[PDB]
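There is one chain below, alone, in structure tokens, taken in the form deposited in one PDB entry.
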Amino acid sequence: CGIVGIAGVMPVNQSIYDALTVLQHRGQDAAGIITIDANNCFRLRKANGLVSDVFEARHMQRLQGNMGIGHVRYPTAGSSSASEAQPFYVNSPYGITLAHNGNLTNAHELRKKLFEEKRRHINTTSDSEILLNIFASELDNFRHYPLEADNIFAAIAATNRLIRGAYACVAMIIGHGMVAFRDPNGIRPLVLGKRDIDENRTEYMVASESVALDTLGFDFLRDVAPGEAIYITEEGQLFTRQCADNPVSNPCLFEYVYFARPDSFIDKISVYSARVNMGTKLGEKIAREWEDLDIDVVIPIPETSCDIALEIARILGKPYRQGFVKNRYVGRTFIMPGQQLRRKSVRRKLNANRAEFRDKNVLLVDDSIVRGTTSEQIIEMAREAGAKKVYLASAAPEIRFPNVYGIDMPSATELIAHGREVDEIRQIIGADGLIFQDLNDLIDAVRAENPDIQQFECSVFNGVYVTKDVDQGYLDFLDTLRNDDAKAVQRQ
């Protein structure tokens, strides 16, 4: 998911909409924008679909005000495509809205405590609604009005002591302003920027990625530190405060592999440069372990891997060729009467340039392997196009464990690498050869850009969850959620 918040000195509706169109790759299932108007009331529009489809002229006219936040959703366990999207809202205390990218590992316990100690009802199964209600509950411990920046930071700190997981959040409190805060491990991405309108007026904004600041002409300031919170009043006054104990930087390594945009700088690291480095590492590993193989050309599987594969071909002294063309426009399959509903294809998303595989031993490069379904079909397409030997290299290491910090992954059972060695995975997908990036190499590829990061969040790769609260029981719990989300989406 992706979030954006803008505390401006002029209408923000178009700007939030614009920031969301460049963060669209973070989620295309739903979008939402909520602003505070001249009357200190929230105006909201959120619905399923791409940003460009969710917000029509009439909704834009309603989104009045100089402060607002937005969200684009990537369906996850608990937040199915059929469920209410973000931002979520509460009317007490004061009126609070919040958008979130992440996941709370203790959501269920929090929901119990909210119900039993505060009588606060959670209407969805989204941990973002629960996150909003914990914060609201903490803000409700104040008598004096209005709240000082100290009370808002105190509430966020109290919140950080209750919730556990990963989270990049942005919220607005009526009559106060905008807050943004990050988990104590710095797992989910969040940057801060500003835009000077004149000598006395400066607008602020926070976004999941720096590209949202670039597209609007905002100057990059810095990443919001782990555990840090940012508060911008109504009036445009900026406050920042460390709101967690023992904060450390463990950025999600997955964002760098393919999730984030290449033009973003996350925690001082260029995603693009980190990706070129991955190709450098993978190229060196291939040149070492596959010295005797006959490889005629390196062909990336679009689109993230094109640069990675380019670097590999350079290292290997082999030609790089566009063997696969990604279909920019993909349509749906219709359930028609009498007609046989045939095949779920990768051919809908990808086309093979026939001339580029014919009688060649091809090294295909992909960003990662999850279910293994697509790679299987892609290798098949290479053979149909006349390829002799088909090898596959993965920019990311084996993905064996589920992500519980915000990135959507299927259950451990549906992960081809889970419980399997490289050769078996290779035989299943039917490749002549399979090679994965070493985790320590991925780490160095990214770390080389910012050596200050000591450790990243690498759970999908090594099964080590930094929050130390993940076990099979919890993962099974998450699966039951997916089962309920399925029944709901199936229904629609």
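For every residue, the number given is its place in the sequence shown, counted from 1. Whichever C-alpha set is largest while still superposing within 1.5 Å between the two forms counts as the rigid core. Only residues modelled in both forms are compared.
Below, we turn to the form deposited in another entry, even though it does not appear here.
**Q** Tell which of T413, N123, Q340, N246, after superposing on the rigid core, has its C-alpha displaced by 2 Å or more between this form and the one not shown, please.
**A** Per the superposition, the moving residue is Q340.
**Q** How does the C-alpha distance between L341 and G49 change in the other form compared with the present structure, closer or farther, given a change of 3 angstroms or more?
**A** Farther is correct, given that in the other form the C-alpha spacing of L341 to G49 is increased by at least 3 Å.
**Q** Shorter or longer C-alpha distance for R328 and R343 in the other form, given it differs from this form by 3 Å or more?
**A** Closer in the other form, by 3 Å or more.
**Q** Among residues found in both forms, what runs of at least 3 in a row have Cα shifts of 2 Å or more between this form and the one not shown after core fitting?
**A** After superposition, only residues 337-344 shift as a run.
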